[PDB]
Every structure is written in C-alpha cells, then in structure tokens.
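>>> can't give you the sequence, but here's the structure:
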C-alpha cells in the first residue's frame, strides 16, 4: 500500500462517458493520505475523445493547466466581446483561467485525443464543478436553473420560443461529446493561432515543452523541462512542466527535488519507482499507463523503465527548484562534499570513497 | 435554506451597542456551511452611529477595507509619529492596515453614519479582537492588562496619578461611541484630506467608487466598479469593490463571474436573487436591507429588484476577473460561440438560435 | 497556564543527542493552543555542538532561517554542481533553501556553537523530516532505502562494494555529530567566504544583525532589527529579525506590533513578560534561558529584564509592520491622538493627559 501511488483502475472517477469520449477525474490527494495535505488545492483530469468530436461549451470554477499528450486539438476560449482559438499539437500546454467558456475540437480523422489537465479550484479547496451552457440528454443547461419569468424577461421572449430553441423540454444530443461533420471541422479549424518557437515566453498562446533542447539528454533518455523562470503563465501558477522519455532497460538516477512536490502521470510504458522517506523507508510501486505517482519535496526516488516509457510531471512549488542527483557524473551532490567530510560521512577512506563515486562515468540516465 | 444567504435578523452578533450607535459583526462565512470554506478569513462588520458621535481610539488585529454607505465620517488613523485625517463621503472607500490605531467621528447634525467594512483577521483566521486605548464603563483600557509596577515605571509616575487620569477605577464615559461637542467637531474636522478624482489610484487617501463612469448603465440600472488594475489599495487586498443601483422592476441579466467570489451586501431596496449550481440546482432567496449573500466564483445569478435597490459587492480573488452575461447584447458569451456550435449545443437550428438571442435588444439591466 | 509560553523544560523534543551536542525541536505552535493557528507552518529548532565537531551532510523538506546565537561556525551548502562555504559569527543569519544538502562545523577550540533556526516545512504544514546522507550507528543513509539491484545499476558496481564503502552492514560512526582532527577543521576552514558589511542586501550571503546601528539605543537597552525592506532573503520569507539587549533592571516599554506575529526565544538572562489580549486578559510569564514567548500581532506587551538580558525575535508577516509604543517620548501612539480626543477618551483633561504623558522623558528602554 503506497500512499503516494494511485492506481488508475481504482483512483479515477468518470464524470461523463459515451461512444465519443470519456472524462475522468482523479481522486483527492489528501483523502488518500493526509501526508499529501499540501496538494489539497489540486486535481488531475484526463480527457480522451474519438476523432471528429466536440466537447460542448462549458466553464468551471477552476484554473486549468491543460497539456496535450497525443492527438491534435482545437481549443477555443470564448470571452464576452472577444474569442480565441488555438491549434494544439502534442507537447503543447495552455492555461484556461478559471470560468472561461471553452470547447475542444478533435479535427483528426483517425487519431484519438488525450489531454491531462491540472485543475486548481476557486470556491472549495480541491472540489470543483462543470457548468455546461449546452442542453444535452445527459446534463441540463444551467440556463434552466432560472425561472420561466426570469428567463422570459432576460431573453425578451415567451417561454415556448426559448424552450423550443435553448433548453428543449429527441431534439437534443446524447452527450457532452458529440460527432461533427467535415464541413463543420473545415470551417471551425481556420482562425486558430498555433504554437511556435516564439511562444516559449508568451502570457496568452500555448507553448510547447519539447520545442527546445532538453535539459538532460543522452542515449538512454531525454528530460524536457520548462520552469516558472522562462514562461509567465507558469510563473503565475508556480509550476514546472517536464516530459521525460526513458528507453527500456534504462533508469533515472536516484535524485530529489529541492523544494518541489512532483505529480507524475505515466503517459506510455511501464516503470518501477522507489521513493525513500523516514530509520529509512522505501516506497516502491509498479506503475503502468495512466497511473499517477507523487514525490514529496526532498524525497529521493528512482524511476526504472521496464518498457519504453514517457511520463509527464507537474512541479508544485516550482520557483528556484534544484534537482540534486546522487549518482552519476554531472550534478552529483555526494561528489561535492569536502573530501575530509566524505571520509567522515561513510566508513571509508577519502581515496576509497573517491574510488566509488567516480566509477559511474555517465550522468542522469544510465542503463540496466 | 440557502447556504449562501445570511439574514440580518439572525446572522449578526452585536459587539457593542448603546444609544449612540452599534457595531455588528456578521457570522463567519464558513460556520454557516463548509461550502464557503474559502471566505473563512473574511468577516463583514456593520458600523452605525448617531449624529455628533465619535468612536474612541482603538486598533484591531485585522486589515480593514471600510465603505461608507451613507453619511459623512472623519476617519483619523494615528501612527507612532504621524496623524492622518480623512473626510469620507458616501461611496468613499479606504483601507485601515491592521494594528493601526484610529477613531471615527460623525460630524453631521441630523443624519446617521452607516459604514460597512470587510475585515481580514491577522492572528487567527476569521477572528479578530478590538483593543480600546480608552477606559470606559463598557471596557477597560488595554493599558490595564499590565501590572501597577510596570505602569508606574513606563509612565514615570505613581499609580494613583495614572489611574486618576487614564483608567479611572463616574468620571468615565458610558461606552466606546460617545457624544460630541460642537466646538470639538469644529476642531477635529479642519485638516481632513478629502477623497478626490486624482485619488482613484492613490495608495493612501480614499477613493470614491461612483466618481468615474459606470461600467454598465442604461435606464434601468447602474453598475459602478473599481478593480485591482485601477487602485493600488485594492490590488494589495486583491479585491474589487462595486456599487450597483437597480430601479424597481428591473433586473441584472443572468451572468457569472469568472474567478471572483462576490460578497454582496443589500444596502437599500429589496431583491430576489437566483443562484444556480449542480443536474442543475436553483438557490433562490428573497433579500432585504442589511442582508448578505455570497456568490461563489463561476456561479450564474440574477438580481431581481422588487423595489428600487442599491447593493454593495466585495469581490474576492479579483485580479483579471471577467463578467460574462448569458443574455442581451453586449458581453453575452452565448452569442460568441461559433454558429455550428449552437446547432450542436441546444436543440434547434443556428438561425433559430440566432433568432432567439437577437430578441433582447438591450444589455446589462432590462425591465420586468 | 499561558498558551503563548513554551517552557524550555517541557516544550522541546530531542531529535538526536550524544556526547558532541544535541538537536531539539520545539513543539508545534498550534498543537499547544488553536489560538496559534496562523503559526501552523513554522517550527523552531535548537542546535548545540561541542568545539571541533561536525554535523554530517543532510537536507530537509523545509526552508531554514538559521541564526547564530554564540560560537563561530562554518556552514557548507552543496549543490548539484557547486559548493559554498560560509563563516558564521555571533549574530550572523542565513537562509538554507529547502532540500539543500549541508553540513555544519564548529571550528573553535573551546567555544560551543549555539544556533537556533526557524523552519518552514514544504510537504506537511509544520512537519518535516531530516534526510541524512551519512551512514552512522544512529541513522541509516537514505541510500539504504533503494534495493540492491537498483543501487548496483546506478553506481556501476557490485553491492558487496557499495556496502563496504558507503553503508557498512563498528566501522560506522556513532552519531550525526562527530569530533574532528585539527588538521581536518583546518582544511575545512580555508575557502569559507565570511559575512561582511557588503552582505546585508546579498541574496546568497549571511548578514549580521548587530552589524548596523540599532533602531533604538540608550543606556538601558539596544534594539537591532533587519526588515524585509532591506534584505532579499527576509523579503521572500516576509519576516524580520531582531536581537535586543536589555540591561538588568531596565525594561522594554509597552508597545505592540501592527501586523507581525512575533516569536521570541530568550538567549540569556531572565525577563518577566506580560501580554494583553481581550474585558482585558493579562497573560504574564517568567522566562529564563531557552524559552519561547509568542506575541500575536497587535497585542500590547512589555519585557521586564531581571538580569542582563538579550533575546531573538522572528517577525512573521513583517512587510510594513509598525512598532507602536504607549509610553516614553518617541514613537508614542498615545501622544499622537488629537487633544480634544484625549479629553473624550480618558477621565482626564487635555492638560491633565498631556502632563502625565510628557513625564517619562526617555524612549524605548527605561530604568525600573
């Protein structure tokens, strides 16, 4: 029983689901273990949709940091006087500020669309709600939460004309994810500003994580990372975003983040993971696809890919965070201590500890 | 039983009250219902005084944002080396940082003073204490907490002498709201820096909501707003203030705030409010003077004025908030959704939906 | 039973102890009383070590602000690619960012090293672990929490080798504080960059409190203070620091902090304290060496030095705090009230109250 490990088979909850897609909502990081109390303002959401589909317009009382894992998406935020569409390619991340009206389009003809978004609620710490303008057989419109009179007066129309057209009390769709026509998706898809190299530092438009050189790259893995220091949208939430690939056989060298609580959601592959906290204590767990693991601050952990692996991470409390590795060449903390202290720290000689710490010639990603 | 509705008749608790006025303190937002757990650090205080009165020198462990609803006050914040007097007119807001000693004078001869302040306690979340320098039949001077021994040394005098002059253990006032002499009102008034139009963006002196033009305004209402973008003192608290007037029979069209939790205080008039949440849920309540009603972020709501109405709204989590109306013409977000999305959203055409939304030729406030 | 008084003989808890020093942790501020709930995030640690000792390398899931009470010291912070050593003298203070590995050496040949540090946990509010890199009879290195397989792969080595050198499953030391060879403390002493006059506004380097002129100084007491305004480290924490010596028989005139919660620890000598909260509630207390007294924000309090006293204060939420005195000539709020409001606020004339306030002709510290 690993309180920091959430098995996707019994730790998500499906909000809506039909033949065109499903939306799933992770449970609450502190109802799992109160050790996770400082994540109580966060939730993980997973969205998947078949090709040629639309998530009907809606808003929620929560900041959204959405990241596109695979597929292509049209993200359209509607304002009161304005509108903004965006063409999302894999790797792209975008913030939906709380209570924006927005719909998602999957224009691809044969590929799905998988989005994980980080959700920070406004009203209730950890708990949020989805407001759907649309009138579906699944959900009532929140327009229906008003009275006949208040609707009549507000639309300057009698109630049948506003019922035959807005609410529909057989005429209305089956779900909050429905199919589209190609003539629609053709018309929709032409005005959507897409991600670029010059967006790595924009307060509006979506940025791509991988579009820059990783920070860690070798023949066994690559470590893409954007931090609050480079991107204003992330400075506002104080979160780093990282996508790292781990080739099968290889592993990520045991390390700890200095001050950041990391939320990693496995995207592809399998992996084992070892975490140490306090007399020491090992937190191992066997992660497959769509699972989630969370690493407390300054908690050293190893990620061991037992198949071809890519995960996404969320770094909570990400300002000025430092990754300290414990083995390998570059960015070792144990190889920076004064020699006479290394003598004193472990039962060994300065030369004898200097022997063991220099052996491993490679840094970050080694082979197993 | 509306969790978001707080009724004056049974939601307030009187901190002090005599013939000359009374300070009432609204119940904690979170004690009412855990739904409001985010406002736990906020309290609403009502202050009311009779003419030619003064509230004796005190300080709280609590930041104040005080809004003079009716009357005219002469607010004097004292510091350890300075003294500041501010002539406040109805509509004036100012901010009393916490631990600032101050007093409050009603100089008028026939009118009452009706102030409401939003309070942000420092020490214990949602709970502060008032600390009166003065020694009155209703409360000791907090200099009495100390021992006689310490008092003699600190002031360099025998205790009989300091107890005759500061504490008075019949020569003392009845309460903390005392009556005034005209000659003294004559003296205390003449130095008061008055709120201006150059002050709308000043870090000290107060600032008048109504001074600039309304954000919205037709023949059925006026919406006055002021935001952290325009005002330093408000950007600090990250709050917007708004005062809005609805004519008898008119209503504020259905709309929602994006991320701002709005504490509205009904100041004059009578309304019916309708809040919607989630399957939808109507939260209707019928409101009268001094009533309080909290609208969570991203919750749609309509204000129906059943008699000429004016309320005050505190906006919590204000920075970059957006008001999205569901009906009318200007700032309707239903009317910004792409046409092909209106086909698929509501049960009916996009010429049928384009027909309905165009009916109401007005915006913001309309007539019932 | 005063909820703001943490007696040293039953409010502390030893983390580790041996012949070479010990490390206690002050109990949770809120556990004691729910009144101290806004201190839920802060902890106090006490560090005392013998001459020519070391604290083996380690880190914590906590920010640290460590203050040097007495002794000299070498503090070494090791990064993934850098190492930095600081020479700490009495009255020096440094921030150790969360999860920064570090060790601490006492280079002096007879003097102890008393250090005290305020801690801000990053994972559990008010709760953090130490992670010791070293292998010792008292603790396991947090490398033991990885499997053999994983350990072997990472280092590139048989387990029989990484155990013989790093872990040791007799050859290992007894505690986390060990004694040192004089040539060893010699070699650790010669790169340490020391605190200066150049370092009171340096984001990296330690700063001396007593390095600048006190804010208050007279033949009975000195008052040193560094504020968020003048230091970059105390501004990201939003905290002030103060050392204040009070000669025996003197005292620190009644006063209160406008918005700072103050944690004070007594460094030497004895004081009586009186604190007033609210009808007025005195909270009196006879403090000795090592006790902690908390003053919530805006509560007036006095410190009464029964023996050549000096103490340390951590100011929580210090940005723009004002100190406000009630006796003595300078910084006297009670002297800044208008005359005619002095008439109304106490039983006594303006001539009468003016007379009694002018009597004490000194400021800040006076002879009792």
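Great, that's in hand. Residues are numbered from 1 along each chain as shown, chains lettered A, B, ... in the order given.
>>> okay but residue A:338 is in contact with residue C:187, surely?
Yes. Residue A:338 lies in contact with residue C:187 (CB atoms under 8 Å); the separation is 7.4 Å. Every residue, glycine included, has its C-beta placed from N, CA and C.
>>> Of the two, give the one with the bigger neighbour count.
residue A:338 (23 against 13; other CB atoms under 10 Å in any protein chain shown).
>>> Spatially nearest residue to the more buried one (excluding sequence neighbours)?
Leaving aside its sequence neighbours, residue A:338 sits nearest to residue C:188 (CB to CB, 6 or more residues apart in numbering or on different chains; 5.9 Å).
>>> Contact partners for the one you found?
A:338, A:340, A:341, C:74, C:76, C:85, C:105, C:107 (CB atoms under 8 Å, 6 or more residues apart in numbering or on different chains).
>>> Tell me which of these fall in helices.
In helices, defined here by DSSP state H, the members of the contacts of residue C:188 are A:340, A:341.
>>> how many other residues sit next to residue A:343?
19.
>>> burial count for the residue in the stretch 51-200 of chain A that chain C sits nearest to?
As assessed by CB to the nearest CB, chain C sits closest to residue A:125 within the stretch 51-200 of chain A, at 13.3 Å. Around residue A:125 there are 15 other residues, counting by other CB under 10 Å.
>>> Surely it and residue A:41 touch.
Yes. Taking contacts as CB under 8 Å, residue A:125 lies within contact range of residue A:41: 5.2 Å.
>>> where along the stretch 251-368 of chain A do the helices fall?
A:339-345, A:350-359 (DSSP state H, counting those that start in this stretch).
>>> is the shortest one up against chain C anywhere?
Yes. Using CB under 8 Å from any CB of the partner chain, a contact is recorded between helix A:339-345 and chain C, made by A:340, A:341, A:344, A:345.
>>> rewinding a little: compare the helices of the stretch 251-368 of chain A and report which one is nearest to residue C:12.
helix A:339-345 (27.3 Å; CB to CB).
>>> Give me the contact list for that closest one.
In contact with helix A:339-345 (CB under 8 Å, 6+ apart) are residues A:334, A:337, A:348-350, A:353-354, C:54, C:56-57, C:103, C:133-135, C:173, C:178, C:180, C:184, C:187-188.
>>> Please indicate which of these are buried?
A:334, A:337, A:348, A:353, C:54, C:56-57, C:103, C:133-135, C:173, C:178, C:180, C:184, C:188 (16 or more other CB atoms under 10 Å in any protein chain shown).
>>> Neighbours of residue A:172, how many?
Residue A:172 has 17 nearby residues by other CB under 10 Å.
>>> Which residue ranges make up each domain of chain A?
Using automatic domain parsing, the domains assigned to chain A come out as A:5-134+A:173-195, A:209-367.
>>> so which of those domains gets nearest residue B:318?
Closest among these, using CB to CB: domain A:5-134+A:173-195, at 11.8 Å.
>>> and residue A:218, what are its bridge partners?
residue A:221 (DSSP bridges).
>>> ok, how many other residues are close to it?
Residue A:218, neighbours per other CB under 10 Å, totals 16.
>>> most tightly surrounded among the helices of the stretch 251-368 of chain A?
helix A:339-345 (a mean of 22; mean count of other CB atoms under 10 Å in any protein chain shown).
>>> ok now it, how far from the chain's centre?
42 Å (CA atoms, centre = their mean, to the nearest Å).
>>> Which single residue of the stretch 101-250 of chain A ends up nearest chain B?
residue A:145 (2.9 Å).
>>> ok, which stretches of the stretch 51-200 of chain A are helices?
Using DSSP H, counting those that start in this stretch, helices in the stretch 51-200 of chain A cover A:148-155, A:159-162, A:182-188.
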